[PDB]
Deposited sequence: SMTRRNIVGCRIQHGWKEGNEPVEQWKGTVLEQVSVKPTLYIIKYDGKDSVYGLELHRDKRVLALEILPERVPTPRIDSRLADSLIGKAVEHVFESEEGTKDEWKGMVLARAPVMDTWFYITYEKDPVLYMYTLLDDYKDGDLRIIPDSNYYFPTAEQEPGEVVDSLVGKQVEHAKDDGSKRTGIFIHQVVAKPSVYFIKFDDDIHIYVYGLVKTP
């Protein structure tokens, strides 16, 4: 039979219809096909720095999915300087009114697949997976490295909610630099949760 191109590593476009809200147009890059759940894909969408998980060929909210006739950009960064951030605890500084501090404590986890100049990062105030070109903020002083403060992948898990109901989730990735940290995808949420952070 004819073999179609793998959607991983491509630029994609699709409409998004969530219930009765107006239809939106989403554009992004497919970073990974989850080995332990091949229907699930990991995507970085333009303008959204929280990474998403979607069963792109099954989910009824995804409309007219297509591969764009574009190449995924391939910029370069200094390899040694990028690896110096991996596994480190950081303070990420954000713009705010003068005489007011807006900083978030977090941890740099890995260089992302496909978009290797972007980095996976998690925070204490928001435990979902984020992605950003952190070396831009590190060189400008807006990211500070702070002193020093066998895998569940594939295993299913259940969560007992406040109301009378349960939800299933699956461990999808083990962070190589910090093997006690994992990524979980629950079937009722598009965000990727970060588990095992202190």
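Of the deposited sequence, the ranges 150-164, 214-216 have no C-alpha coordinates according to the record.
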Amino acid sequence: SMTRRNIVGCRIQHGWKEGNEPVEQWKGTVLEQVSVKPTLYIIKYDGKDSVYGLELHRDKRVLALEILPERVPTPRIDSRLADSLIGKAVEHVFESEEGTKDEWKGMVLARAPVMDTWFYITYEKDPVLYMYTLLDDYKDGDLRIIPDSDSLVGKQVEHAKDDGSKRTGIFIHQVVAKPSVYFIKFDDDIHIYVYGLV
From here on, numbers count along this sequence of modelled residues.
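With 14-22 and 184-192 compared on mean CA B-factor from the PDB entry, the stretch scoring higher is 14-22.
The mean Cα B-factor in the deposited entry runs higher for 163-171 than for the other of 163-171 and 23-31. Across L129, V157, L56, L134, the entry's maximum B-factor at the CA atom is seen for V157. If you compare the C-alpha temperature factors of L65, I43, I145, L40 in the entry, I145 comes out highest. Looking at the C-alpha B-factors along this chain, the one for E91 belongs to the middle third.
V153 sits in the highest third of its chain by CA B factor, as recorded in the PDB entry.
When the modelled residues of the chain are ordered by C-alpha B-factor, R111 sits in the lowest third. Among the modelled residues of its chain, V8 has a C-alpha B-factor that falls in the lowest third according to the deposited record.
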